[PDB]
């Protein structure tokens, strides 16, 4: 097989590389790599190396990497550009793997671990590591085993061995319900003392050295804690055995009341699953505890126990160990669903970077572009410093707040990347500038044509047309990858809808789910068999379809994020190819495109309806337009439709057969006007929205920019079994809005759009009556808590103190002199509740760590003094009043003559 790297490091003048050899074995080597860098040279001097602008360069081969670094410094002292890849391990990978990498994940050691540490005096600071590590569960992907290291004797109590038999039993039998599918995969090792546990752990780690190291909060807790505890017991050299090259670096970002640090283990790639989740999931969660995310992702219940975690080991060591194991398994289950490890490997190997560099789109693109240019003996420019400067972005149209009955939306496929490709925007393709007219003049096609030679953006930039830039070339490659995975995602979605329909009529039989590939639209044969299936089999198929859709979503959305990150990187001062001319060329062309096509669509539709000056485009954000379809429906007349699906078909057909060609014609003209390299503005129908045929539903409404709701029947070609709400910006979509309030507001919106005013009034009246029974957590607001110290003045609110910070200070006073009470962690999220006048907490609100129950000391009092009136008015009534006045409806019945 083809060799591939596992990890790469620079240590002094050596490269340290772990890799898989041509026989599939893991190997490690130290290489005295001799890097090259480049200097401009005179024209009359034969060379094969040129900078991206066509200037000749000479290669400088250095005796070692330190020599290369020192040369860079001296070139700065002289005042001359030192060209080439200054990150020498990326140059090493490029030289060593000069082909597209095929990797075999089954040869990559992926380790997932979690530790337990009993602490009677609060949170056990990793930087101090003053308490014994009393459990480690370490899952190894190559062995497919959970290795359990259990401390039986500690100064905080001596315990009995964990029992695998009890662990397997149902909770109703007194057991821990450790999932049966992992019971046989557990290798349990009890230890008489902490020193032998850790020594055996290090020996094990030597045998089975992680390549990818993950788990939950491992980078900020488990790794630094394990490292520091070993350092404190045995000394530094023993702690450094966690690195296969025995090298580590401390970081220390720190607060001022807590120390903290991260530990870099050379030759390991740490991908903390919490950071993977935050980067790749596109959720914003009220809490990031493993319990909370596990419940969200997997619908598995909380791991329940009595008493604080600080007494769990002594009271119930059996459960204590079982929960440690289950915690490790939960992360694996999340990854089986979300496939973020697979994603990271794919993207890392594609770019030829350290896998952990996938967190940095700047590093990722710098490596992609370097590899691409190196292929042609081209030499990358030196990175420079630039002052940070603001620049303009997208256009957003101000909507008229209103209900909108029938709506069709359209938006550009991969807008910014498509602009880059169409215009040919790249560091090396800049051809000059032209004299700019106001944007309005380009939008209305009255400005003079910018160029008869070059490809233009309305910000005044011109680009060569003879050849593609490296940015367009490389962005196209990831775009095509994106497009393939989205294809699979959407087929899985459409397949899911077929299953939902069939579920209306399940058959009474004993049968099996079909062995099918959900990434491809079901054939006629598959459809027929499905209509014959039982409810059990259909549900299993729906589950599998939905898992396939999620896998597709991960692959496509993060590739979309990578290419959009390239457009954004052009406006970050740390990117090698930072250029505000190029970043603004993209954003300014975008503003033009939206307003240009708005004009075109209005003109087209006024023509087809025989009107003048009518606005059909009611809204638009960045690269999208929302078209009012009322007149189109009315042209045929509502009474002509058999059912909802009949008009959805009609609008779908109108969008595809009339509007899209009109849209395409408008954009081709714009492409010619701008003399662009290639027409790539593709504005496809997104949504078809409206009320259910014959109902009093209003279909949709806007309150303002980036705030709207639509009742959608068809999304990008997926025809839903049941209508789905598309809600953007409104309170239902914000992590800060209480959970039960999100749910209530969503139902109010559902009723508005699908059923009408009276249905809304029914629900409101009931919600208002019953809501005081809602669990306090479900009605708590949520906020991030930054700068707690800044606003703390002897335990009281300082000037301009934010509402959520005030709550935290209230909490801090109420728990003072208690090392057991959970502390609020700077920068993490809190639940927030308003408090009634004259409460014992002596302020207007209280806040506590999110995803948790408030500590028992104050729980009863918080419940007693919670201000339900303020809660209701602030989180529910106020947003609802905004929705209903926008939509011209009342949430409460107004008096009328009939009352008599």
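Positions refer to the first chain, counted from 1.
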query: On average, which has the higher Cα B-factor in the deposited entry, 297-305 or 475-483?
result: 297-305
- request: Using only the Cα atoms and their B-factors as the entry lists them, report which of 610-618 and 401-409 averages higher.
  value: 610-618
field: Selection from 802, 723, 132, 568 [criterion: highest C-alpha temperature factor in the record]
entry: 802
- prompt: Out of 468, 747, 820, 116, which one has a C-alpha B factor higher than all the others in the entry?
  reply: 820
- request: Tell me, lowest, middle or highest third: where does the Cα B factor of residue 38 rank within its chain?
  value: lowest
- prompt: Comparing residue 552 with the other modelled residues of its chain, is its CA B-factor in the lowest, middle or highest third?
  reply: lowest
message: When the deposited Cα B-factors of this chain's modelled residues are ordered and cut into thirds, is residue 427 in the lowest, the middle or the highest one?
response: lowest
task: Please place residue 84 in the lowest, middle or highest third of its chain by C-alpha B factor as given in the entry.
output: lowest
message: When the deposited Cα B-factors of this chain's modelled residues are ordered and cut into thirds, is residue 759 in the lowest, the middle or the highest one?
response: highest
